[PDB]
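To start, the structure itself, in structure tokens.
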Amino acid sequence: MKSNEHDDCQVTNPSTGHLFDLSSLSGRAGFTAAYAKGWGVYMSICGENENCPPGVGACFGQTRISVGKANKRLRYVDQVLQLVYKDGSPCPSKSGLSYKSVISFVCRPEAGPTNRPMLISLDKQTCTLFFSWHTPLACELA
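Per this note's numbering, numbering of the sequence shown is gapless, rising by one per residue and ending at 246.
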């Protein structure tokens, strides 16, 4: 029985007692970001994506190249919440490296239409896609 999934993605700050959770942004179908070339990036915030094989959290394109295993290690570093979807498809040109997604949730209470993952840096060399998400959920109203 699959009723033991404890996929949290939440960090508590003892100072305020405030919990930074991304449970409200978590989705099974996730978010599909259209890449300017004709590739749909299927990325689920904390979980495995419906278009992806069970266990993969982010898939790049129609060939569904895994760009991150379903990880729930939400790190709160430098007032930014960061999710790293490590262990993707081994890069054919780079031995030891795999396509990974680094989502940087910048604490922006002044969040606008930027409440979506913005592809800030595309790194082909080490196969890392940097997505910046402007969310007030990385913030503590205190």
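Backbone N, C-alpha and C define an ideal beta-carbon position, used for all residues, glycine too.
Asked: Residue range of the beta strand (DSSP E) that includes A140; Found: Counting along the chain, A140 falls outside any beta strand (DSSP E), and DSSP gives it neither H nor E.
Asked: Neighbour-count burial assignment, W237, 16 or more Cβ in a 10 Å radius; Found: buried
Asked: Alpha-carbon spacing of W143 relative to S205, whole angstroms; Found: 15 Å
Asked: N153 burial status per 10 Å Cβ neighbour count (16 or more: buried); Found: buried
Asked: Rounded C-alpha distance that separates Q229 from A138; Found: 21 Å
Asked: Beta carbon of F209 nearer than 8 Å to that of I224; Found: no
Asked: Nearest neighbour of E214, chosen from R220, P240, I207 and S197 [CA to CA]; Found: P240
Asked: When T116, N108 and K176 are compared against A242, the one with the closest alpha-carbon; Found: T116
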